[PDB]
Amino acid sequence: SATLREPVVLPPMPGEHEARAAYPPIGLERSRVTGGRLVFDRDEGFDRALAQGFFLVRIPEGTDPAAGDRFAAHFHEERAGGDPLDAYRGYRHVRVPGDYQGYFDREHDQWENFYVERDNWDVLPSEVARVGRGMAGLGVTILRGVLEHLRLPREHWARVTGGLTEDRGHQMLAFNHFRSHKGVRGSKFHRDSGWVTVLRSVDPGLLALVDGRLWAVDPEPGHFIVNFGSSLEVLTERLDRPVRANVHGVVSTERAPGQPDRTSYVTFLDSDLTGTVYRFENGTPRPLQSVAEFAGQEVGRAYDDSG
């Protein structure tokens, strides 16, 4: 396959406590959307963020995470009965049509997921879908800002991003509940499959694996964490400034009785799943692989799933 990239040895995932002091945090560049575009605080911040593959972006004022935070804390629970909050529960029993969508009980990971692409956001409380709309819209603006910063000619963008820069593509809100009762890794070490991931988290536990070094990626109040995905990496790997999709994963979280579990949620921006994966070679975006086969490949690596 033309999109494999070179092998990455994945170490066992450390426990939360031992990781907390052993692996110091990456220093992330800060940025915000202002004047209608992504702007970094520091003059070389954009270049450093593309090289780092992680950075921070201010939560835009029109995006209030509150409803998403509440949904993330409850979606995995059984309905209580006679309880208004049940509107935010029971989603392990909610079917969502489409590949890679719906509820997932990951056998070998702490997390269980509820994944909903934008065309299916009516299955969510409207106020929760509204958070996904703000995060995904931010993610598209960031993607536009990246491709402009790379000076990639705009005539290519809609094709090579499978519609994302035209606000189409596969835009997926993803809720994670880390089941602290499971004595395994929080997640597998993985690359995200797509272009730009916007991550809402408040707790430590995310690690970056970079050329055999483990470093923490710590959230910052009032900001999202942003990283890049394998589709952007493959697109740019032969260019003079390649963009890195970092390998990352969540520690085996540790919670005593009564301590709330870790949660997080993201918007993944993937190419349209009927499209093609491209790589710039000799100025031209070369078609390498269908997005369908690429997705199956990348999802197959990101989880240890016998089905």
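Start at 1 and count along the sequence shown; that's the residue number.
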Checklist outcome for this item: Entry B factor averaged over C-alpha atoms, 52-60 against 235-243: higher for 235-243
Item to check | 23-31 or 42-50, whichever carries the higher mean Cα B-factor | outcome: 42-50
Next on the checklist: Using only the C-alpha B-factors in the record, can you name which of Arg70, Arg37, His248, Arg255 has the highest?
Outcome noted: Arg37
Next on the checklist: Among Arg213, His93, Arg200, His108, where is the Cα B factor highest in this entry?
Outcome noted: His93
Item to check | Position of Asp272 among the chain's modelled residues by C-alpha B-factor, lowest, middle or highest third | outcome: middle
Checklist outcome for this item: Of the three thirds of the chain ranked by Cα temperature factor, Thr141 occupies the middle
Next on the checklist: Per the entry's values, where does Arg168 land by CA temperature factor relative to the rest of its chain, in the lowest, middle or highest third?
Outcome noted: highest
Checklist outcome for this item: Split the chain's modelled residues into thirds by Cα B-factor; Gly186 lands in the lowest
Checklist entry - Relative to the other modelled residues in the chain, which third contains the C-alpha temperature factor of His223: lowest, middle or highest? => result lowest
